[PDB]
Structures are given as C-alpha cells and as structure tokens.
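Starting off, we have a lone chain in the form deposited in one PDB entry, written out as structure tokens.
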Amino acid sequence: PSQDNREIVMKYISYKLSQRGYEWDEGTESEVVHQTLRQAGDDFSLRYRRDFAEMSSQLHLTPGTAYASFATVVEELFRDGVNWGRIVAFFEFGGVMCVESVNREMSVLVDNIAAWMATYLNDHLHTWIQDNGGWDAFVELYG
C-alpha cells in the first residue's frame, strides 16, 4: 500500500527522466495501470502547460524548498475535490518539476520531489482512490 504507492510514483518519474538523457532509479513495460497513466500524463503536459508553468512559478523550487510548499501548490489543485483528471495532473506536475530540476543542474532535487509525491499520495489521495474503484476504475475510463 504505502510501498505500492511509492512504486507508481518512482516508475512515473523514471520514465519521464528516461525519455530524456537522464538515467535515474517481468512484464513491467506493459503493466496496464501505469501504462495508461503515463499516456494520460503525456497528454496533460501539452494541454495544461499554462497551468503547470504557473504552478512551478508558485513553487519556487530551490534546494531549500520544504515539503510544505509542494503540498501547498498541489493542495490548491484538489481544493474543489478529487477526480482522476486532477490526479493525473498531480503526477505530471511532479514529472515536470523533476525534468525542470535536472535541466537546471539541480538533479538531487529529484529525490525530494519523488518522496513528496509519494507522501501526498499516501496521505490525501489513497483513501479516495480505494473508495472510487481503485486504479482499475481509472483504466476502465482511460482517465
């Protein structure tokens, strides 16, 4: 559960960074839950680029940034309730924060962003996900 949520975050970040020159750490490439989330998040970075830019403008990411600032930005994302679309935007925002810090030559911030996402997922989103059909219900709609 807590480990299970940690894994889906790190696999999401591993793929995004690997799709650029950055390497970071049976039938896992085709795993259906993660595969459709990656395809959904790739769509989201294009359509909501304005929003993600604003969110990372608010999240003035530096080595000194604490969890609380990250939590503040993503909490605004769910203020009106949780849905699959907003959860996808939660994953893709973390991905763009990770690519941004690698591009700004602050690669060790990737570990912090990854731990924050897993923390926020376990603390605030996991109960909603289990109550609304689990990840299987997400793939049933493909979003």
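So that the term is clear: the rigid core is the largest set of C-alpha atoms that superpose within 1.5 Å between two forms. Don't overthink the numbering: it's just position in the shown sequence, from 1.
Here the subject shifts to the form deposited in another entry, a form of this protein not shown in this document.
Here the two forms are overlaid on the core, and between this form and the one not shown the C-alpha of 57 is the only one among 103, 83, 39, 57 to shift by 2 Å or more. Comparing the forms between this form and the one not shown, the C-alpha position of residue 48 differs by 2 angstroms or more, with the core used for superposition.
Panel note: the distance between the CA atoms of residue 103 and residue 58 is smaller in the other form than in this form, the difference being 3 Å or more. In summary, the C-alpha positions of residue 58 and residue 77 diverge in the other form, ending up at least 3 angstroms farther from each other than in this conformation.
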